[PDB]
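Single-structure report; data block below.
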Amino acid sequence: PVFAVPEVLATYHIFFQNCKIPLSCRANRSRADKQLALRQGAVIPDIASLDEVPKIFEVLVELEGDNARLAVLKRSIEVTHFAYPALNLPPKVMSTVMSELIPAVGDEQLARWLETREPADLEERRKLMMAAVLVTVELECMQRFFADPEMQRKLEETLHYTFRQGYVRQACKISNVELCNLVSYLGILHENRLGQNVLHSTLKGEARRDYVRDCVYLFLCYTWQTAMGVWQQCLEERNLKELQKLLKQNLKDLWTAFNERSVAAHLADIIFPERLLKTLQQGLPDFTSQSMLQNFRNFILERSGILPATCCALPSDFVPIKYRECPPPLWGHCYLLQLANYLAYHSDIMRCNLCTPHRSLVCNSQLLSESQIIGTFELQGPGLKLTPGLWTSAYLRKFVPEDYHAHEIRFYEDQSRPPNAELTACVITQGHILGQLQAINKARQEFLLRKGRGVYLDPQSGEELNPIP
Amino acid sequence: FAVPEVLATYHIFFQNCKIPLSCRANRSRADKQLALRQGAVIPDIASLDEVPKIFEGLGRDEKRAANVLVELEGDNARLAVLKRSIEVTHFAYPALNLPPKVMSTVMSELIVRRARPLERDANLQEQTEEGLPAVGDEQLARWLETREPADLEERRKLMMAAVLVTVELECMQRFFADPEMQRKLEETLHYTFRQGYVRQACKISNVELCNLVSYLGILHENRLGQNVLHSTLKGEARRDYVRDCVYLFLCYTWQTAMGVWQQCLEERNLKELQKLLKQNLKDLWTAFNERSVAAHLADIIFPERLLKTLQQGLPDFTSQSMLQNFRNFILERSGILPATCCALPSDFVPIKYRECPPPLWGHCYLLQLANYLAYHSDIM
Numbered sequence: 159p160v161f162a163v164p165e166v167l168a169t170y171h172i173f174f175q176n177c178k179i180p181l182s183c184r185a186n187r188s189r190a191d192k193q194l195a196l197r198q199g200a201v202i203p204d205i206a207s208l209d210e211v212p213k214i215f216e242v243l244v245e246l247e248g249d250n251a252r253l254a255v256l257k258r259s260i261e262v263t264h265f266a267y268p269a270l271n272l273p274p275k276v277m278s279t280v281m282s283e284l285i307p308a309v310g311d312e313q314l315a316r317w318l319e320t321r322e323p324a325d326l327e328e329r330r331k332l333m334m335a336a337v338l339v340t341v342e343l344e345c346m347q348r349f350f351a352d353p354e355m356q357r358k359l360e361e362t363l364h365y366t367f368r369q370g371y372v373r374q375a376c377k378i379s380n381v382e383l384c385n386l387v388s389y390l391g392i393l394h395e396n397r398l399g400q401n402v403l404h405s406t407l408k409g410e411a412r413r414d415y416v417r418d419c420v421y422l423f424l425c426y427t428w429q430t431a432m433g434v435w436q437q438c439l440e441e442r443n444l445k446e447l448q449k450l451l452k453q454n455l456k457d458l459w460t461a462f463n464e465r466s467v468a469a470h471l472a473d474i475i476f477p478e479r480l481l482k483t484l485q486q487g488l489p490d491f492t493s494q495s496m497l498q499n500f501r502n503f504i505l506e507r508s509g510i511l512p513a514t515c516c517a518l519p520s521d522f523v524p525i526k527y528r529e530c531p532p533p534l535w536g537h538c539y540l541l542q543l544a545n546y547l548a549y550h551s552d553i554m568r569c570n571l572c573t574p575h576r577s578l579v580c581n582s583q584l585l586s587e588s589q590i591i592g593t594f595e596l597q598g599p609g610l611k612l613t614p615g616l617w618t619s620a621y622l623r624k625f626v627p628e629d630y631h632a633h634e635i636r637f638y639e640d641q642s643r644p645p646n647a648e649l650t651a652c653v654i655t656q657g658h659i660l661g662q663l664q665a666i667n668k669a670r671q672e673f674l675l676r677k678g679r680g681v682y683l684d685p686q687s688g689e690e691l692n693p694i695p
Numbered sequence: 161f162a163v164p165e166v167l168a169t170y171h172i173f174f175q176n177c178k179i180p181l182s183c184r185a186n187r188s189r190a191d192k193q194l195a196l197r198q199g200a201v202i203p204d205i206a207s208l209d210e211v212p213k214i215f216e217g218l219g220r221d222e223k224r225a226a227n242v243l244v245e246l247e248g249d250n251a252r253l254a255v256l257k258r259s260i261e262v263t264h265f266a267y268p269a270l271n272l273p274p275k276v277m278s279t280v281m282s283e284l285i286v287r288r289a290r291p292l293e294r295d296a297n298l299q300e301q302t303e304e305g306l307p308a309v310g311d312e313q314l315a316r317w318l319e320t321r322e323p324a325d326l327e328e329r330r331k332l333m334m335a336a337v338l339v340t341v342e343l344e345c346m347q348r349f350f351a352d353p354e355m356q357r358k359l360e361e362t363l364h365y366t367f368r369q370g371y372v373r374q375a376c377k378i379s380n381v382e383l384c385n386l387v388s389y390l391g392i393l394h395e396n397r398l399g400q401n402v403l404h405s406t407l408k409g410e411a412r413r414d415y416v417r418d419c420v421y422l423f424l425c426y427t428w429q430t431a432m433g434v435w436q437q438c439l440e441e442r443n444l445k446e447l448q449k450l451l452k453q454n455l456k457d458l459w460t461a462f463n464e465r466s467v468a469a470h471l472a473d474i475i476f477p478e479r480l481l482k483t484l485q486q487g488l489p490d491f492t493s494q495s496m497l498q499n500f501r502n503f504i505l506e507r508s509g510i511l512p513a514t515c516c517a518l519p520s521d522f523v524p525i526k527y528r529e530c531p532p533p534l535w536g537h538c539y540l541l542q543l544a545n546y547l548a549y550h551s552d553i554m
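First to last, the protein sequences are chains F and G.
Mind the numbering: the first sequence is residues 159 to 216, 242 to 285, 307 to 554, 568 to 599, 609 to 695 in the deposited numbering, read in order.
Mind the numbering: the second sequence is residues 161 to 227, 242 to 554 in the deposited numbering, read in order.
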């Protein structure tokens, strides 16, 4: 029973960062899809730092290789300033380390550290710390959050679910029960009929790569933003005093690290406790339906001053590609985009290792043989019937922790190497029983063929009047 | 619950049909017909007998381009790209039918009783009385004073079409034609487009009214809304977009009205309608034309008191945001990806009744009335 207009208020997401569109936006790069292409063996992209990026080197212009979807867009657009999803650490967390810096340290302690009379080193160290606290801390937090192999497994499986490809599709087909419909939020695991997730098949060619690339990007943004919001809403102002004391105690060491990536390595460690990360990772990544992603996509578009009905428009198109092609600010966004592309090509979305090794019926003989006998089960001895629902539950629950290479793109069944673990069926374990069931099924079928019609045999004698060889 | 999601129970029925070949897109010169001037009156009802016949084909005067949906010249580039990309064979129009309960009772009492499945205890017994038409041949001949079977069949089909389409249209005439409702519709359009009077009200109060939203009179005071983007665009595209905005708003209004109706029924009302139908059967069966019977049925099931109680608080305030969300969900369900360049639902609607198939005359009237309010309000 609901008596209210469909829209609701959600303070979790309402935050945006306004900055000028890059000269090197996606739409302004015709061959961007060429570089973005990934092949077998590609390794997960890593964050970058100002140490290896000296200076940023860089509204829409009709390029020579502008593809159809981008060609009409590059034309009908009043592009002045495109807003971006506000991807940031909680405002208080930030307050803690900006008020601590404010230059409070001064130059005397810096000179003590450098052990040299050159002020250039002092200025360089100050700039390193400022850049670290501005961009490299966040990049490190992202790197740790999304790089957990278990967390990457979870992301891969939720993407599998949302785009209905591979093992989830097989389960839906065999089950006769629709499994895509499950939509979740912080583990609540609701169910919605009013949800479309199979409309992405209507697109192909470069129209698909891009579109999916987008959908995955917004999904990652939604994940991170909800994570940050839930963390913020569970802040303790006592933990704030503890953070203040810890920063006071550690600043002496923190101002004495040579690398910038190292500087950020320790700041994240001190500020981002492992227990909190694990608690957030408990059940946070939640199933998202394509419809919700499109609704969020429209939110971003409208709030940013572009009518959703001025033909095609995707937020992922207004963002740079490489780190040295983007202003420091949006470096988190660049990292997110590279991560999204890596996941998209990893998941085969254009199976990853979640389908080919074991869950694939074609590759796994035992699983196929078990499936063939799904319905022809029977045992009364006064149900014991292997129902579709039970086998599908067993198939879905199973996942082999090994043989799932989370470091690079391997795509088993393309390598000429054996599997890490032997393939086994989901419910049935002993192969002898499976052989017996196969034998009884074959005898059943052959008998039915031999006497399906019934046979007429002579009344006086006993020969068959219509024998079939 | 997920924030950017939706699950209601009274705004999603989505009658499905094949796109009429004579739909709005396929008429390139539709813009000229859509033109209206000072000497224009509200669109009028049309009955099945009133129109001689229906023709669905593209017809003459339309020439296929040299390249369901056929590419044509003399049309907005939006239509060109739309036709080049999408050529679906079905669309999920919003449902505007009367509630299933009232329609089922009307049909059972008047046309024919619904035949439930035969439970297996006997067979070959021709107990036609259960499945017999409500009025037999002899009674119809008596009332019609003629043995001509052609007249009996034509009258039967006439009121079958009547109870299937016109009664639905009749209610609508009444419900949207009221001058007071007309004033309220103008006011809500001004509020949602922030034009003139609303702009000066915001200036005087120093508070933008874009955050004013209502639903059955229980205002939610939503703040995430912006209704100033439409001013950027101009031309036939602006007219098309506004004409749509208003058509969808009217569809939502009728849908919520028909939901509040469906909520408030009881078996007492069921028996009341049954008694009224059985006692008046003759005066409905014998009528001069489809307008008379439609009006009589409307009075039977649409008393002025009921209309009155519905109209109050019906035209709830709505945002451009809410509108787009509806449009999005319409196209999503139809099977059409929102990422497609410039797809709107009003394209799949014939302009006027002469070409529409019977079931979609309600949508045709919605679109025509939408155009009339759009032009009269001076959308500029």
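Cβ atoms here follow ideal geometry from the backbone N, Cα and C, with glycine treated the same way.
Contact note: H394 of chain F reaches chain G through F161 and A162, using a C-beta cutoff of 8 Å and chain order.
For the pair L326 of chain G and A308 of chain G, the CB atoms are not nearer than the 7 Å cut-off. Ranked by how close their Cα comes to the Cα of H264 of chain F, the residues F:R507, F:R189 and F:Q193 have F:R507 in first place.
Proximity of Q400 of chain F to chain G, defined by a Cβ-Cβ separation below 7 Å, is satisfied.
Under a criterion of Cβ atoms nearer than 9 Å, the residues of chain G adjacent to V387 of chain F are, in order, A162 and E165. By the Cβ rule, the stretch 218-226 of chain G does not count as touching the stretch 461-476 of chain G, because fewer than three pairs are nearer than 8 Å.
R224 of chain G is bridged by DSSP to G:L246.
Beyond the five residues adjoining it in sequence on each side, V381 of chain F comes within less than 8 Å, by CB distance, of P614, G615 and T618 in the same chain, given in chain order. For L332 of chain G, there are no C-beta contacts with chain F under 7 Å, since the nearest C-beta of that chain is about 39 Å from it. If only uninterrupted alpha helix (DSSP H) runs of at least 4 residues are considered, those enclosed by the stretch 392-436 of chain F are 409-436. For the stretch 317-389 of chain F, the full-length alpha helix (DSSP H) segments reaching 4 residues or more read 323-335, 341-350, 353-367 and 371-379 along the chain.
In this structure, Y426 of chain F and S520 of chain F do not form a Cβ contact; the two beta carbons are roughly 13 Å apart against a cut-off of 8 Å. Excluding five sequence positions before and after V653 of chain F, the CB atoms of its chain that fall closer than 8 Å to its own CB belong to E587, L612, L616, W617 and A620, given in chain order. At a cut-off of 7 Å between beta carbons, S687 of chain F makes no contact with chain G. Annotation: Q494 of chain F is outside any beta strand (DSSP E); the continuous alpha helix (DSSP H) that includes it extends over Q494 to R507. Neighbours of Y170 of chain F across chain G, judged by C-beta separation under 8 Å: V163.
Counting of Cβ neighbours within 10 angstroms places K257 of chain G among the buried residues, the total reaching 16 or more. For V255 of chain F, a Cβ of chain G is located within less than 7 Å of the residue's own Cβ.
The residue from G:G305, G:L480 and G:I214 with its alpha-carbon nearest to that of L488 of chain G is G:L480.
Neighbours of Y415 of chain G in chain F, taken as residues at a C-beta separation under 7 Å, are given in chain order as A513. Proximity to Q400 of chain F across F:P273, F:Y365 and F:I553 peaks at F:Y365, based on C-alpha coordinates.
When the Cα atoms are used, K358 of chain G and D490 of chain G turn out to be separated by approximately 10 Å. Chain F has a Cβ within less than 7 Å of the Cβ of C516 of chain G.
Beta-bridge pairing by DSSP links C177 of chain G to G:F265.
Contact between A513 of chain G and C516 of chain F holds: CB atoms are separated by about 6 Å, below the 8 Å threshold.
About 5 Å separates the CB atoms of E464 of chain F and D209 of chain F; that is less than 8 Å, so the two are in contact.
The C-alpha of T279 of chain G is placed about 16 Å away from the C-alpha of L306 of chain G. In the DSSP assignment, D191 of chain F falls within the alpha helix (DSSP H) that extends over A190 to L194. Using a Cβ distance threshold of 7 Å, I504 of chain G and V416 of chain G do not count as a contacting pair.
Counting only residues of its own chain and dropping the five nearest sequence neighbours on each side, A544 of chain F has a CB closer than 6 Å to the CB of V420, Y421 and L424. Excluding residues up to 5 positions away in sequence, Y415 lie with their Cβ nearer than 7 Å to the Cβ of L407 of chain F in the same chain. CA-to-CA, the gap between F161 of chain F and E648 of chain F works out to about 55 Å.
Residue-level contact by beta carbon holds for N499 of chain F and chain G, with a gap shorter than 7 Å. Cβ-Cβ distances below 6 Å link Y371 of chain F to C572 and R576 in the same chain, with the five nearest sequence neighbours on each side left out; the list follows chain order. Taking 7 Å as the cut-off, the Cβ atoms of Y267 of chain F and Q175 of chain F count as close. Chain G places a beta carbon closer than 7 Å to that of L403 of chain F, counting this residue as a contact.
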